[PDB]
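J.: What follows is entry.cif, mmCIF, C-alpha atoms and all ligand atoms.
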data_my_file
#
loop_
_atom_site.label_atom_id
_atom_site.label_comp_id
_atom_site.auth_asym_id
_atom_site.auth_seq_id
_atom_site.Cartn_x
_atom_site.Cartn_y
_atom_site.Cartn_z
CA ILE A 1 103.24 63.11 128.81
CA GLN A 2 104.37 64.55 132.16
CA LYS A 3 107.01 67.27 132.48
CA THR A 4 107.90 69.07 135.70
CA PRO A 5 107.93 72.88 135.62
CA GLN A 6 111.14 74.95 135.70
CA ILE A 7 110.44 77.95 137.95
CA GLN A 8 112.47 81.18 137.54
CA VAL A 9 112.07 84.33 139.64
CA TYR A 10 113.66 87.61 138.65
CA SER A 11 113.23 91.37 138.51
CA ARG A 12 113.17 93.54 135.41
CA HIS A 13 115.81 95.94 136.72
CA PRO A 14 118.66 95.26 139.19
CA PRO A 15 116.92 95.84 142.51
CA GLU A 16 117.31 99.18 144.21
CA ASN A 17 115.47 99.84 147.44
CA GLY A 18 112.77 102.48 146.99
CA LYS A 19 112.76 102.27 143.18
CA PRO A 20 109.75 100.86 141.26
CA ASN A 21 110.45 97.56 139.47
CA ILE A 22 108.66 94.48 138.15
CA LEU A 23 108.89 90.99 139.68
CA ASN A 24 108.56 87.97 137.42
CA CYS A 25 107.90 84.27 137.90
CA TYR A 26 108.39 82.41 134.60
CA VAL A 27 107.11 78.84 134.75
CA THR A 28 108.26 76.71 131.85
CA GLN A 29 108.73 73.28 130.29
CA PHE A 30 105.63 71.75 131.84
CA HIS A 31 102.87 69.34 130.81
CA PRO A 32 99.99 68.84 131.40
CA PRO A 33 98.78 72.45 131.30
CA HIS A 34 96.77 72.55 134.54
CA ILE A 35 98.83 74.57 137.02
CA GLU A 36 98.55 76.95 139.97
CA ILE A 37 101.05 79.81 140.25
CA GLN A 38 101.09 82.24 143.19
CA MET A 39 103.45 85.16 143.85
CA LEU A 40 104.09 85.85 147.57
CA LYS A 41 105.35 88.88 149.47
CA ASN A 42 106.49 88.07 153.04
CA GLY A 43 104.53 84.83 152.81
CA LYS A 44 101.25 86.44 151.75
CA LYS A 45 99.64 86.10 148.33
CA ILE A 46 100.09 89.18 146.14
CA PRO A 47 96.75 90.26 144.68
CA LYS A 48 96.17 91.23 141.03
CA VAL A 49 99.21 89.43 139.60
CA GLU A 50 99.19 89.54 135.77
CA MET A 51 99.47 86.33 133.72
CA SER A 52 100.97 86.76 130.27
CA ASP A 53 103.22 85.28 127.63
CA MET A 54 101.57 81.85 127.48
CA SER A 55 103.21 79.79 124.73
CA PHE A 56 104.53 76.35 123.99
CA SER A 57 107.84 75.06 122.68
CA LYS A 58 108.60 72.72 119.82
CA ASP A 59 108.24 69.76 122.21
CA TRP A 60 104.77 71.04 123.19
CA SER A 61 105.75 71.94 126.75
CA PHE A 62 103.96 75.02 128.26
CA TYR A 63 105.47 78.35 129.27
CA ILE A 64 103.73 81.17 131.14
CA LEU A 65 104.73 84.38 132.95
CA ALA A 66 103.34 85.77 136.21
CA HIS A 67 104.36 89.34 136.93
CA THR A 68 103.61 92.22 139.25
CA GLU A 69 104.86 95.73 139.87
CA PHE A 70 106.80 96.17 143.12
CA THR A 71 109.18 98.46 144.93
CA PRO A 72 111.87 96.43 146.72
CA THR A 73 112.82 97.32 150.32
CA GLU A 74 115.65 95.97 152.44
CA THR A 75 113.32 93.74 154.55
CA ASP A 76 110.68 92.42 152.09
CA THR A 77 111.07 88.92 150.70
CA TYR A 78 109.41 87.47 147.64
CA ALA A 79 108.69 84.01 146.28
CA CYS A 80 106.69 82.05 143.73
CA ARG A 81 104.75 78.92 144.72
CA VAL A 82 103.64 76.44 142.09
CA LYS A 83 101.29 73.41 142.26
CA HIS A 84 101.42 70.92 139.34
CA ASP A 85 100.55 67.19 138.95
CA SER A 86 104.19 66.30 138.29
CA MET A 87 104.93 67.30 141.90
CA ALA A 88 103.47 65.59 144.97
CA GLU A 89 103.68 68.85 146.93
CA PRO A 90 103.92 72.50 146.00
CA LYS A 91 107.31 73.96 144.97
CA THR A 92 108.43 77.43 146.11
CA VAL A 93 111.26 79.41 144.53
CA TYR A 94 112.62 82.51 146.23
CA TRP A 95 113.71 85.70 144.65
CA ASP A 96 117.51 85.81 145.05
CA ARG A 97 118.38 89.45 144.65
CA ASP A 98 122.12 88.71 144.46
CA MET A 99 122.05 86.14 141.66
CA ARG B 1 93.46 87.51 112.41
CA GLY B 2 93.12 83.90 113.37
CA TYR B 3 91.95 80.86 111.50
CA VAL B 4 88.62 79.02 111.73
CA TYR B 5 89.83 75.47 112.56
CA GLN B 6 88.55 72.32 110.87
CA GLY B 7 87.26 69.47 113.06
CA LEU B 8 89.50 66.39 113.59
CA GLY C 1 114.17 91.75 108.92
CA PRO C 2 111.55 88.98 108.86
CA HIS C 3 108.45 88.96 111.03
CA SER C 4 105.87 86.41 112.13
CA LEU C 5 102.25 86.10 113.12
CA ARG C 6 101.50 83.09 115.33
CA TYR C 7 98.51 81.77 117.21
CA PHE C 8 98.90 79.27 120.07
CA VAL C 9 95.64 77.36 120.73
CA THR C 10 94.94 74.99 123.65
CA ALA C 11 91.84 73.00 124.59
CA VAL C 12 91.91 71.03 127.85
CA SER C 13 89.14 68.77 129.07
CA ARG C 14 88.20 68.50 132.77
CA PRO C 15 85.64 65.74 133.29
CA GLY C 16 83.42 66.34 136.24
CA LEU C 17 84.18 70.07 136.25
CA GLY C 18 82.26 71.32 133.24
CA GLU C 19 83.30 72.30 129.77
CA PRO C 20 86.89 72.27 128.54
CA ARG C 21 89.11 75.29 129.00
CA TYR C 22 89.85 76.90 125.64
CA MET C 23 92.48 79.53 125.01
CA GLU C 24 93.94 81.33 122.02
CA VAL C 25 97.02 83.58 122.30
CA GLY C 26 98.36 85.60 119.35
CA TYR C 27 101.89 86.95 118.87
CA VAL C 28 103.49 89.28 116.36
CA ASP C 29 107.18 88.30 116.57
CA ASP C 30 107.98 87.99 120.28
CA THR C 31 105.14 90.36 121.40
CA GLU C 32 101.79 89.01 122.75
CA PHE C 33 99.00 91.05 121.06
CA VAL C 34 95.61 89.29 121.45
CA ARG C 35 94.04 86.64 123.68
CA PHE C 36 90.82 84.67 124.20
CA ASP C 37 90.22 82.67 127.42
CA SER C 38 86.97 80.72 127.96
CA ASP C 39 87.40 80.81 131.76
CA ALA C 40 87.01 84.59 131.90
CA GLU C 41 83.71 85.91 133.27
CA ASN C 42 82.55 87.28 129.93
CA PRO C 43 84.79 85.50 127.36
CA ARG C 44 85.86 87.82 124.55
CA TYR C 45 88.87 88.39 122.31
CA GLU C 46 90.97 91.10 123.98
CA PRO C 47 93.92 93.28 123.03
CA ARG C 48 97.22 92.54 124.75
CA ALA C 49 99.37 95.21 123.03
CA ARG C 50 98.66 98.96 123.08
CA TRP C 51 98.72 99.33 119.30
CA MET C 52 95.70 97.05 118.97
CA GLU C 53 93.64 100.05 120.14
CA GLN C 54 93.76 100.98 116.42
CA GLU C 55 91.20 98.29 115.48
CA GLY C 56 87.51 99.18 115.62
CA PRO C 57 84.76 97.41 117.54
CA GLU C 58 83.88 95.22 114.58
CA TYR C 59 87.32 93.56 114.79
CA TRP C 60 86.70 92.46 118.35
CA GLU C 61 83.16 91.25 117.64
CA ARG C 62 84.30 89.20 114.65
CA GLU C 63 87.28 87.67 116.37
CA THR C 64 85.14 86.85 119.44
CA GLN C 65 82.59 85.03 117.26
CA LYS C 66 85.37 83.10 115.56
CA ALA C 67 86.91 82.11 118.90
CA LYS C 68 83.55 80.94 120.26
CA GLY C 69 83.08 78.78 117.18
CA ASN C 70 86.56 77.40 117.51
CA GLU C 71 85.90 76.60 121.23
CA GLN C 72 82.90 74.48 120.19
CA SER C 73 84.87 72.72 117.41
CA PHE C 74 87.64 71.78 119.87
CA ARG C 75 85.13 70.52 122.44
CA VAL C 76 83.88 68.10 119.76
CA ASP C 77 87.48 67.25 118.81
CA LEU C 78 88.30 66.19 122.41
CA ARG C 79 85.36 63.77 122.26
CA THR C 80 86.37 62.53 118.80
CA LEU C 81 89.90 61.76 119.92
CA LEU C 82 88.64 59.72 122.90
CA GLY C 83 87.06 57.53 120.23
CA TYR C 84 90.11 57.37 117.99
CA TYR C 85 92.40 56.38 120.91
CA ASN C 86 89.81 54.25 122.81
CA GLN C 87 90.16 56.35 125.97
CA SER C 88 87.76 56.91 128.90
CA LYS C 89 85.59 59.95 129.51
CA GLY C 90 87.06 60.44 132.99
CA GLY C 91 90.59 61.62 132.20
CA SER C 92 91.87 65.07 131.19
CA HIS C 93 93.37 65.47 127.75
CA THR C 94 94.89 68.37 125.80
CA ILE C 95 94.85 69.51 122.13
CA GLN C 96 97.46 72.10 121.11
CA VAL C 97 97.81 73.95 117.79
CA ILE C 98 100.42 76.40 116.51
CA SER C 99 99.42 78.26 113.28
CA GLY C 100 100.99 81.19 111.48
CA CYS C 101 103.07 82.76 108.81
CA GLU C 102 106.39 84.54 108.38
CA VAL C 103 107.16 87.33 105.95
CA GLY C 104 110.44 88.88 104.81
CA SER C 105 111.47 92.54 105.13
CA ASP C 106 109.51 93.20 101.95
CA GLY C 107 106.28 91.77 103.37
CA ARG C 108 106.19 88.70 101.14
CA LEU C 109 105.56 85.20 102.46
CA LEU C 110 108.54 83.11 103.53
CA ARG C 111 106.68 80.24 105.14
CA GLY C 112 103.42 79.16 106.66
CA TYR C 113 102.69 76.44 109.16
CA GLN C 114 100.07 74.61 111.16
CA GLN C 115 100.93 71.84 113.64
CA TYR C 116 98.68 69.93 116.09
CA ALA C 117 99.49 67.84 119.17
CA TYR C 118 97.42 65.56 121.43
CA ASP C 119 98.53 65.02 125.02
CA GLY C 120 101.83 66.66 124.20
CA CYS C 121 102.76 64.50 121.23
CA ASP C 122 102.76 65.31 117.56
CA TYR C 123 99.41 64.61 115.88
CA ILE C 124 99.13 66.16 112.36
CA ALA C 125 101.03 68.88 110.55
CA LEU C 126 100.94 70.81 107.31
CA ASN C 127 104.02 70.11 105.18
CA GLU C 128 106.21 73.02 103.96
CA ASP C 129 104.56 72.77 100.53
CA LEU C 130 101.26 73.95 102.07
CA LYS C 131 99.53 71.20 100.05
CA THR C 132 99.86 67.98 102.04
CA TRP C 133 99.72 66.74 105.62
CA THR C 134 101.89 64.47 107.70
CA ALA C 135 100.26 62.29 110.38
CA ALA C 136 102.11 60.91 113.38
CA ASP C 137 99.85 57.92 114.10
CA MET C 138 96.78 56.06 112.83
CA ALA C 139 94.33 58.39 114.59
CA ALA C 140 95.86 61.38 112.81
CA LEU C 141 95.66 59.38 109.60
CA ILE C 142 91.85 59.39 110.03
CA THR C 143 91.97 63.18 110.34
CA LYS C 144 94.25 63.41 107.28
CA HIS C 145 91.79 61.48 105.19
CA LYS C 146 88.87 63.66 106.38
CA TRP C 147 90.80 66.84 105.60
CA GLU C 148 91.77 65.62 102.14
CA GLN C 149 88.16 65.00 101.14
CA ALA C 150 87.02 68.34 102.57
CA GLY C 151 89.63 70.35 100.64
CA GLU C 152 91.11 71.61 103.90
CA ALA C 153 94.68 72.18 102.67
CA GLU C 154 93.39 74.55 99.96
CA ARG C 155 91.40 76.48 102.58
CA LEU C 156 94.33 76.66 104.97
CA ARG C 157 96.74 77.70 102.21
CA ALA C 158 94.37 80.51 101.24
CA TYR C 159 94.45 81.74 104.87
CA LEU C 160 98.26 81.44 105.17
CA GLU C 161 99.00 83.24 101.88
CA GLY C 162 96.20 85.74 102.13
CA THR C 163 94.62 86.71 105.42
CA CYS C 164 97.59 85.86 107.57
CA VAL C 165 100.11 87.78 105.44
CA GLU C 166 97.77 90.75 104.95
CA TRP C 167 96.91 91.12 108.62
CA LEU C 168 100.55 90.64 109.69
CA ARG C 169 101.52 93.54 107.38
CA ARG C 170 98.76 95.65 108.95
CA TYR C 171 99.82 94.82 112.50
CA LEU C 172 103.45 95.74 111.68
CA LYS C 173 102.25 99.06 110.20
CA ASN C 174 99.97 99.94 113.09
CA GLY C 175 102.37 98.74 115.78
CA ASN C 176 105.56 100.03 114.17
CA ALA C 177 106.74 102.02 117.20
CA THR C 178 106.65 98.85 119.30
CA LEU C 179 107.36 96.09 116.83
CA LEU C 180 110.15 97.71 114.74
CA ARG C 181 112.08 99.10 117.71
CA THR C 182 115.41 97.95 119.04
CA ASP C 183 116.15 98.10 122.80
CA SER C 184 119.85 97.42 123.41
CA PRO C 185 120.92 95.02 126.16
CA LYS C 186 122.64 96.30 129.25
CA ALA C 187 125.00 93.70 130.68
CA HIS C 188 126.77 92.93 133.92
CA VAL C 189 128.68 90.09 135.59
CA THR C 190 128.05 88.65 139.08
CA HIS C 191 130.45 86.50 141.06
CA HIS C 192 129.72 83.68 143.53
CA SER C 193 132.03 81.52 145.63
CA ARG C 194 131.92 77.75 145.52
CA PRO C 195 133.63 74.95 147.37
CA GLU C 196 136.94 73.64 145.98
CA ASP C 197 138.48 77.07 145.23
CA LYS C 198 136.29 77.76 142.18
CA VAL C 199 133.97 80.63 141.34
CA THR C 200 130.77 80.98 139.37
CA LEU C 201 130.76 83.91 136.95
CA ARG C 202 127.27 84.89 135.65
CA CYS C 203 126.81 87.22 132.76
CA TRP C 204 123.46 88.98 132.61
CA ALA C 205 121.82 90.73 129.64
CA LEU C 206 118.84 92.89 130.46
CA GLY C 207 116.25 95.13 128.86
CA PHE C 208 116.49 94.02 125.26
CA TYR C 209 114.18 93.68 122.27
CA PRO C 210 113.85 91.73 120.08
CA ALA C 211 114.34 88.43 121.94
CA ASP C 212 117.09 86.89 119.78
CA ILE C 213 120.45 87.29 121.51
CA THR C 214 123.72 85.45 121.88
CA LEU C 215 125.70 85.22 125.12
CA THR C 216 129.02 83.41 125.25
CA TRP C 217 131.97 83.04 127.61
CA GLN C 218 135.52 82.94 126.22
CA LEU C 219 138.92 81.96 127.56
CA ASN C 220 142.05 82.58 125.44
CA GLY C 221 139.80 83.55 122.51
CA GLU C 222 137.85 80.28 122.38
CA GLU C 223 134.19 79.98 123.34
CA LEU C 224 133.21 77.76 126.28
CA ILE C 225 129.75 76.63 125.09
CA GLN C 226 130.33 73.17 126.55
CA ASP C 227 130.99 74.34 130.11
CA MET C 228 128.30 77.05 130.19
CA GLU C 229 125.03 76.94 132.10
CA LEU C 230 122.23 79.20 131.01
CA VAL C 231 118.56 79.92 130.95
CA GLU C 232 116.32 80.25 127.94
CA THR C 233 115.67 83.89 126.96
CA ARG C 234 112.70 85.06 129.04
CA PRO C 235 110.16 87.90 129.13
CA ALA C 236 110.53 90.53 131.88
CA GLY C 237 107.02 91.88 132.20
CA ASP C 238 107.17 95.04 130.11
CA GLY C 239 107.73 93.71 126.58
CA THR C 240 111.53 93.30 126.93
CA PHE C 241 113.60 90.18 127.53
CA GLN C 242 116.48 88.97 129.65
CA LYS C 243 119.00 86.12 129.73
CA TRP C 244 122.02 84.88 131.72
CA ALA C 245 124.86 82.47 131.08
CA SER C 246 127.39 81.27 133.65
CA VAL C 247 130.75 79.46 133.84
CA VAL C 248 132.71 77.94 136.73
CA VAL C 249 136.37 79.06 136.72
CA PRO C 250 139.31 78.72 139.11
CA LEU C 251 139.60 81.22 141.97
CA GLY C 252 142.13 83.95 141.17
CA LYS C 253 141.85 83.48 137.39
CA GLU C 254 138.55 85.31 136.83
CA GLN C 255 140.16 88.17 134.89
CA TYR C 256 141.00 85.81 132.00
CA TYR C 257 137.34 85.11 131.19
CA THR C 258 135.17 87.41 129.07
CA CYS C 259 131.46 87.49 128.39
CA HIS C 260 130.37 88.46 124.85
CA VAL C 261 126.90 89.76 124.00
CA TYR C 262 125.62 89.93 120.42
CA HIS C 263 122.31 91.63 119.59
CA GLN C 264 120.54 93.73 116.93
CA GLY C 265 120.91 96.77 119.27
CA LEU C 266 124.68 96.41 119.72
CA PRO C 267 126.55 97.74 116.69
CA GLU C 268 129.67 96.28 118.24
CA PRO C 269 129.15 93.28 120.54
CA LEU C 270 129.75 93.86 124.25
CA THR C 271 132.78 92.36 125.97
CA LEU C 272 132.71 92.32 129.81
CA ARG C 273 134.64 90.78 132.64
CA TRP C 274 134.18 90.49 136.39
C1 LIG A 301 105.44 104.68 113.00
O1 LIG A 301 104.77 105.06 111.80
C2 LIG A 301 104.21 106.36 111.83
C3 LIG A 301 103.37 106.53 110.57
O2 LIG A 301 102.33 105.59 110.56
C4 LIG A 301 101.02 106.06 110.90
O3 LIG A 301 100.87 106.24 112.30
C5 LIG A 301 101.03 105.01 113.03
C6 LIG A 301 100.99 105.17 114.54
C7 LIG A 301 100.00 103.95 112.65
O4 LIG A 301 98.73 104.29 113.13
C8 LIG A 301 100.07 103.76 111.14
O5 LIG A 301 99.10 102.82 110.72
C9 LIG A 301 99.90 105.12 110.45
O6 LIG A 301 99.93 104.93 109.05
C10 LIG A 301 105.32 107.40 111.91
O7 LIG A 301 104.72 108.67 112.07
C11 LIG A 301 105.06 109.59 111.01
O8 LIG A 301 106.31 109.57 110.36
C12 LIG A 301 106.56 110.59 109.40
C13 LIG A 301 108.07 110.81 109.31
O9 LIG A 301 108.54 111.42 110.50
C14 LIG A 301 105.80 111.90 109.59
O10 LIG A 301 105.95 112.66 108.40
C15 LIG A 301 104.31 111.68 109.82
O11 LIG A 301 103.64 112.91 110.03
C16 LIG A 301 104.11 110.81 111.05
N1 LIG A 301 102.71 110.43 111.17
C17 LIG A 301 102.00 110.64 112.29
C18 LIG A 301 100.54 110.27 112.24
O12 LIG A 301 102.49 111.12 113.31
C19 LIG A 301 106.17 107.16 113.15
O13 LIG A 301 107.35 107.95 113.05
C20 LIG A 301 106.56 105.68 113.31
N2 LIG A 301 107.04 105.47 114.66
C21 LIG A 301 108.30 105.16 114.89
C22 LIG A 301 108.85 105.52 116.25
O14 LIG A 301 109.00 104.62 114.04
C1 LIG A 302 89.04 49.52 123.85
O1 LIG A 302 89.22 49.35 125.23
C2 LIG A 302 88.54 48.26 125.79
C3 LIG A 302 88.68 48.38 127.30
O2 LIG A 302 88.09 49.58 127.74
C4 LIG A 302 89.14 46.97 125.26
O3 LIG A 302 88.40 45.88 125.78
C5 LIG A 302 89.08 46.94 123.75
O4 LIG A 302 89.90 45.90 123.27
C6 LIG A 302 89.53 48.26 123.12
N1 LIG A 302 89.07 48.27 121.74
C7 LIG A 302 89.93 48.22 120.73
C8 LIG A 302 89.42 47.73 119.41
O5 LIG A 302 91.10 48.54 120.86
#
As structure tokens, please, write out the structure in this file.

T.:
Amino acid sequence: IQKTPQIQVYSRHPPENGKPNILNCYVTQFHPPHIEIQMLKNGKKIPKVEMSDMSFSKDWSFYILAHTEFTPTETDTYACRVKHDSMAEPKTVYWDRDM
Amino acid sequence: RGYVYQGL
Amino acid sequence: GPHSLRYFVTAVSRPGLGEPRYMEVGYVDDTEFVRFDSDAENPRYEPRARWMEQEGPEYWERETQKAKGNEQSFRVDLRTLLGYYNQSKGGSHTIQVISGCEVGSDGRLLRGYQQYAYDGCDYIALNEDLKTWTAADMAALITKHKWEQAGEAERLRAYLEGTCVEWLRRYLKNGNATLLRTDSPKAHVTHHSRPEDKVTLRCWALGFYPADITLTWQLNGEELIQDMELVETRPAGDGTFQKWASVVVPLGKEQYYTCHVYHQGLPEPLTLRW
């Protein structure tokens, strides 16, 4: 069975420039399990991202969290890029700090 | 503590 | 209230690229607490919650040995299922298992479960009675018959009623400061313009634990569950959770809509408006 991932990007706290926070990319509702998830700062891969919270739902779809500590600034931009077989090309979702 | 699974 | 111990197990083959990937992830309630991943450099069972520092080295050695044995059993199972389903050795396939138990506030068993899937579809499951199995197809019926002659349901029931319950009680005792806490949600509403003189109102709930929460939007006292958009409750990286729910309303009439938040940490539910 093939299910395309839902990709959600969000911070732990409402963003405040200069204040430490956590950035999250939650990738959910996907199958098969093989997947590549990258967090990006200004277009560059963020090193040492933590993967956690792997689980599956009642319909067997996979869920997993990528997260990293960060301190927002006015100019820095963040995104999450995902590669999965259900998608011909990679999908990138941007952090929308005003959502 | 987890279970020791039985083969299918 | 009630509490659960659950293990999520996945085995995924990758022909041409070596042995299958094998992972086990354990949760107490909504909190990840242990993990095993075969793709790590030196695969071992590892703590994922701070309170698991309270187990001694023997715990880790024993769980590691069990996980390595399980990894080998699932590698065989992937091969077995190729036979049952008459599939080639060149394609990737997945086995998933969810196993665990739930206890009440008094620590006594409420329910136990074990369910398997192959390639994302139901395969075999323990019935609520903890005595019989239900099989989704003829392949699983082969497994059912094997398990019946091996006395597997008795073995599993002994684990569910014994080990699982006893260890869950221990984890709740050791991890009480984390597991028995309540972190109250903090809420706010954002506003976004749309075409056609309408506005999106989004109600956010942040920083809460446990994960169960209810967010609703109301107009004139009636809930608008039909018109709402939302996301599933999601982890925020530090052991707390977040959620949002939105509604589209007419421009100029925003003040008539209210967001309601219900949670264990809110003695009186929150009511907010833009
Ligand atoms: C959580 O429970 C502890 C008591 O449990 C013991 O310490 C835990 C960390 C864990 O290792 C358990 O397995 C232990 O059995 C509470 O600590 C005590 O509470 C009472 C009442 O205030 C006090 O008389 C004791 O001296 C405390 N014990 C210690 C060792 O400090 C603790 O309050 C609980 N935490 C929360 C926040 O609920
Ligand atoms: C198994 O698949 C082969 C093709 O690879 C087919 O010829 C055969 O009919 C199948 N066997 C059975 C009994 O389904």

J.: Considering all atoms listed in the file, return as a ChimeraX atom specification whatever protein or nucleic-acid residues lie within 6 Å of stretch 8-10 of chain A, sequence-local ones (same chain, fewer than 5 positions apart) excluded.

T.: /A:23-26,95

J.: Mind giving me the straight-line distance from atom CA of residue A:29 to atom CA of residue C:224 in Å, one decimal?

T.: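 Rounded to one decimal, the two atoms are 25.2 Å apart.
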
J.: Skipping near chain neighbours, those fewer than 6 positions away, what residues fall within 6 Å of stretch 14-22 of chain A using only C-alpha atoms, listed as an mmCIF file with C-alpha atoms, keeping the file's coordinate frame?

T.:
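Output (out27.cif):
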data_model
loop_
_atom_site.group_PDB
_atom_site.id
_atom_site.type_symbol
_atom_site.label_atom_id
_atom_site.label_comp_id
_atom_site.auth_asym_id
_atom_site.auth_seq_id
_atom_site.Cartn_x
_atom_site.Cartn_y
_atom_site.Cartn_z
ATOM 1 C CA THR A 68 103.610 92.220 139.250
ATOM 2 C CA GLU A 69 104.860 95.730 139.870
ATOM 3 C CA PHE A 70 106.800 96.170 143.120
ATOM 4 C CA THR A 71 109.180 98.460 144.930
ATOM 5 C CA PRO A 72 111.870 96.430 146.720
ATOM 6 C CA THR A 73 112.820 97.320 150.320
#

J.: Find the residues near residue C:253: any atom within 10 Å, counting only C-alpha atoms, skip ones fewer than 4 places away on the same chain, and give them as a ChimeraX atom specification.

T.: /C:198-199,249,257

J.: Pick the closest to residue C:263 from C:193, C:246, C:214, C:226: which is it, counting only C-alpha atoms?

T.: C:214
